[PDB]
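Enquirer: Let me give you the structure first, and then I'll get to my questions.
Cβ placement follows ideal geometry from the backbone for every residue including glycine, while neighbour counts extend to all protein chains displayed. Values in this text are rule-based calculations from the coordinates and carry no lab data.
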Protein chains: 4
Amino acid sequence: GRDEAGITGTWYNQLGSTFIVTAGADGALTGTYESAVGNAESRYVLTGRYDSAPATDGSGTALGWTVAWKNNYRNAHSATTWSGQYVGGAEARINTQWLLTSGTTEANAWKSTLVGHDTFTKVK
Amino acid sequence: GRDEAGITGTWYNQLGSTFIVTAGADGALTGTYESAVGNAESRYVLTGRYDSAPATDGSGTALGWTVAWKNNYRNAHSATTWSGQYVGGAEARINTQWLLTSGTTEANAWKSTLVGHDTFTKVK
Amino acid sequence: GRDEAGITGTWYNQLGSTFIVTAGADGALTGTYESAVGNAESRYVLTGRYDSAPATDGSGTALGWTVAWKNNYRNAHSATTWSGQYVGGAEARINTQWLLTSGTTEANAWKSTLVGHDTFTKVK
Amino acid sequence: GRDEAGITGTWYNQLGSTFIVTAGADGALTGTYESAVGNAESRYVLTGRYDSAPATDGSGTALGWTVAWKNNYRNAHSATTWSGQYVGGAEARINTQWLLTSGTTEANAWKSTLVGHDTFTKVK
Ligand SMILES: CN(C)c1ccc2c3c(cccc13)C(=O)N(CCNC(=O)CCCC[C@@H]1SC[C@@H]3NC(=O)N[C@@H]31)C2=O
Ligand SMILES: CN(C)c1ccc2c3c(cccc13)C(=O)N(CCNC(=O)CCCC[C@@H]1SC[C@@H]3NC(=O)N[C@@H]31)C2=O
Ligand SMILES: CN(C)c1ccc2c3c(cccc13)C(=O)N(CCNC(=O)CCCC[C@@H]1SC[C@@H]3NC(=O)N[C@@H]31)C2=O
Ligand SMILES: CN(C)c1ccc2c3c(cccc13)C(=O)N(CCNC(=O)CCCC[C@@H]1SC[C@@H]3NC(=O)N[C@@H]31)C2=O
């Protein structure tokens, strides 16, 4: 409810990427993502989930979402998942860690997956 | 197509958890997850994405999905994302890495996120 | 050489932790770490390695180090490894990702490892 | 003591890499690593730390180590850290997660770090 409202909207990360999400009453996340970097052009579908009844101790709201990097313009044969928590208030944030897996041969599977962290704000 | 067919079904990981997924023609993943471990009971909604047009060099198919650990029985104030690749054939596998974030206070945010790896097969 | 000089010293991360390191000519890192958070008191031994001949294209210098969280005051039955890169200049930084593993039972091994990111500066 | 003995020796992972380590009485790990894959040839220095007084409940022993991928033959401008736990007994194992950072430009820092998992045994 509070965080359905707080999460729904347009977010921006430190790279200049754009995350457009709707948080549903059932815990769904749906929207589009546009990366400022990488083998990417325009918007990509995203879907995910969030805790629709977080704790009321002042904890964050756990959430995550996935982008497969295929759309009408490109196919980067890869998928990113962001896992993190939403923190509400005047300077709301979504603080995330992500895993970006590329499809590989079996011989290259050891080097399939990048790891990083993205912080999203409502302003940038 | 090939991997819509190959991905859709029931999968099992090394912990004894059960992953029930439908891969759509558009790149969607939908289903339910049941963990054998942790603060979890019964099935949880999952949603994700996969590369619906993978390479044909013998590479894996990149995919990912999210579970928020809230259902009618429990709320563990946390979300897991799995990022990985599907590898088809007689002993098909989905090889994943995952990030499990709990909602935390700001003071505890440094210890919000677990990391691990799960391998899913069609048999176990 | 340049980065032996640049890396050797006292660093501080965003949590207020203190990283005291000597970079040797052979690629060694030695020193002590003091965490501002967690099950930790005072200084802990650290050892690691760095690229002692980085690229000269303006790339970072790859490095990593380990702390086992045992000293004369406490034993937290855990170890952290930081992996990252040093970036020199007026606002030098060491940008890292870390893995913090606790010793667990086999049944709890799935939840053994925390993941996070720390940015170190010469000032804070 | 028990794990000084148990950890010291030659280990092998699922890729066919060779990890030669000495565990000291003070918690030090020293040795050499030879990767079966990647931009690597021959042995590389490793250093790390382990919990020299683990719990006696049947928990694992937390440890970690670093390799910078520079030696007399090659320089891959990168460093790997493994974080994990040693589990003793007839089929002893070291179960690890790793982070492999390459030195990058600032513009490429988002894609600096690979993540994976290696399981080491005394036999393979
Ligand atoms: C050879 N070996 C070292 C690699 C070199 C480059 C790459 C990889 C990859 C996977 C595994 C290895 C490598 C990989 O998936 N890739 C990306 C492919 N896929 C893409 O480029 C799609 C855009 C991804 C944008 C990310 S999502 C997290 C972050 N947050 C944002 O807002 N934007 C960024 C590489 O380049
Ligand atoms: C205090 N500090 C060290 C922790 C101790 C325990 C925990 C945490 C967590 C997050 C951060 C820190 C801790 C966290 O999210 N948690 C889990 C809470 N949430 C749950 O238990 C929900 C079930 C999660 C099951 C996982 S999904 C990846 C894997 N694959 C499967 O098939 N099953 C497992 C902890 O316990
Ligand atoms: C139950 N389940 C969810 C957990 C809950 C709490 C914990 C864990 C752990 C491991 C696995 C699970 C959990 C774990 O290792 N632990 C830490 C134990 N060990 C310690 O507290 C030692 C200090 C570590 C300080 C870190 S190093 C990275 C960062 N950067 C800094 O400068 N300071 C921080 C937990 O609490
Ligand atoms: C372009 N983008 C997607 C990448 C593509 C390839 C690479 C990277 C890297 C870092 C970041 C991105 C990429 C990176 O560090 N690299 C490795 C460079 N460095 C090396 O190859 C040194 C050998 C590393 C061997 C590892 S250690 C963990 C594992 N366990 C073993 O026993 N052996 C393996 C890449 O290739």
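Enquirer: What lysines could a cross-link reach from D:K111, if we take a straight Cα to Cα line under 17 Å and drop same-chain neighbours fewer than 8 places away?
Expert: A:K111
Enquirer: Per residue of D:31-38, count partner chain C-beta atoms within 10 Å of its C-beta, then hand back the mean as an integer.
Expert: What the average comes to for D:31-38 is 1.
Enquirer: Also, I was wondering about something else. By the scheme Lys and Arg +1, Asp and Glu -1, what is the net charge of all other residues having a beta-carbon under 13 Å from that of C:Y44? All intermediate terms of the calculation are to be shown ahead of the outcome.
Expert: Values: positive: C:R43, C:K70, C:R74, D:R49; negative: C:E34, C:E41, D:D26, D:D51.
Spelling it out: positives minus negatives among the neighbours equals 0.
Enquirer: Let me confirm one metric for peptide D:70-79, namely the mean number of other chain beta-carbon atoms within 10 Å of its residues' beta-carbons. Write down the numbers at each step before the final one.
Expert: On the way: counts 9, 1, 0, 0, 0, 6, 2, 10, 6, 15.
For peptide D:70-79, the averaged partner shielding equals 5.
Enquirer: Continuing with the same structure: Could you give the Stokes-Einstein D for the stretch B:35-98 in µm² per second, using the C-alpha Kirkwood radius, 4 °C, 1.567 mPa s?
Expert: Details: Rh = 13.3 Å.
Rounded, D is 97 µm²/s.
Enquirer: Roughly speaking, what is the centre-to-centre gap between the stretch C:1-69 and the stretch B:1-48 when only Cα atoms are used, to the nearest Å?
Expert: 41 Å
Enquirer: Which peptide among C:16-22, A:85-91 comes first, and what is the full order, when sorted by highest mean count of other Cβ atoms within 10 Å?
Expert: Highest mean packing first, the order is C:16-22, A:85-91.
Enquirer: Next up: To confirm my reading of the symmetry, which residue of chain A has the Cβ nearest the axis that brings A onto D, and what whole-Å distance does it have?
Expert: Value returned for chain A: A:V115, 2.
Enquirer: As a test of the formula, what do you get for chain D when each DSSP H run with n ≥ 4 contributes -39,500 (n - 2.57) and the sum is divided by the residue count, at 222 nm and rounded to the nearest 500 deg cm²/dmol?
Expert: -1000 deg cm²/dmol
Enquirer: Can you tell me the order of C:44-54, B:2-12 when each peptide is scored by its average per-residue count of other Cβ atoms within 10 angstrom, highest first?
Expert: Packing proxy ranking, top to bottom: C:44-54, B:2-12.
Enquirer: Once the label point is set 7 Å along the Cα-to-beta-carbon vector, what list of distances in nm do you get between A:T32 and its counterparts in the other copies?
Expert: Values, ascending and in nm: 3.3, 5.6, 5.6.
Enquirer: Quick one: with label points 7 Å out along Cα→Cβ, list the inter-copy distances for D:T119 in nm, shortest first?
Expert: Listed shortest first, these distances are 0.6, 3.8, 3.8 nm.
Enquirer: Sticking with this one: Placing a label point 7 Å from Cα toward Cβ, how far apart in nm is A:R74 from its equivalents in the other copies, listed shortest first to one decimal?
Expert: Once sorted, the set of distances for A:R74 reads 2.8, 4.1, 4.5 nm.
Enquirer: Okay, next question. What does the charge add up to near A:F120, with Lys and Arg as +1, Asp and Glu as -1, over the other residues with Cβ less than 12 Å from its Cβ?
Expert: Taking every other residue near A:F120 into account, the sum is +1.
Enquirer: Sort the following peptides by mean Cβ neighbour count (other Cβ atoms within 10 Å, averaged over residues), highest first: C:55-68, A:24-37, B:68-81.
Expert: Working: C:55-68: 23.6, A:24-37: 16.9, B:68-81: 21.3.
Answer by packing, highest mean first, reads C:55-68, B:68-81, A:24-37.
Enquirer: Another question about this same structure. Wrap a convex hull around the Cα atoms of the stretch B:1-121, take a quarter of its surface area, and give that in square nanometres.
Expert: Numbers: hull surface 31.7 nm².
It is 7.9 nm².
Enquirer: Treating cross-link reach as a plain straight distance, find the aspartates and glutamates whose alpha-carbon is under 20 Å from the alpha-carbon of B:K70, omitting any fewer than eight places away in the same chain.
Expert: B:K70 reaches A:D3, A:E4, A:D26, A:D51, A:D57, B:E34, B:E41.
Enquirer: Let me ask something else about it. What is the sum of charges around A:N75, taking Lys and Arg as +1, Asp and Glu as -1, for the other residues whose C-beta is under 15 Å from the C-beta of A:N75?
Expert: -1
Enquirer: Here's a follow-up. Averaged over D:42-49, how many beta carbons belonging to a partner chain fall within 10 Å of each residue's beta carbon?
Expert: What the average comes to for D:42-49 is 6.
Enquirer: Tell me, what is a quarter of the convex hull surface for the C-alpha atoms of the protein assembly as shown, in nm² with one decimal?
Expert: 22.4 nm²
Enquirer: Given an 8 Å cut-off on Cα distances and at least 6 residues of separation, report the relative contact order of chain B as a percent. Don't skip to the answer; put the middle values down first.
Expert: Details: 287 pairs, mean separation 24.9, N = 124.
Rounded, it is 20 percent for chain B.
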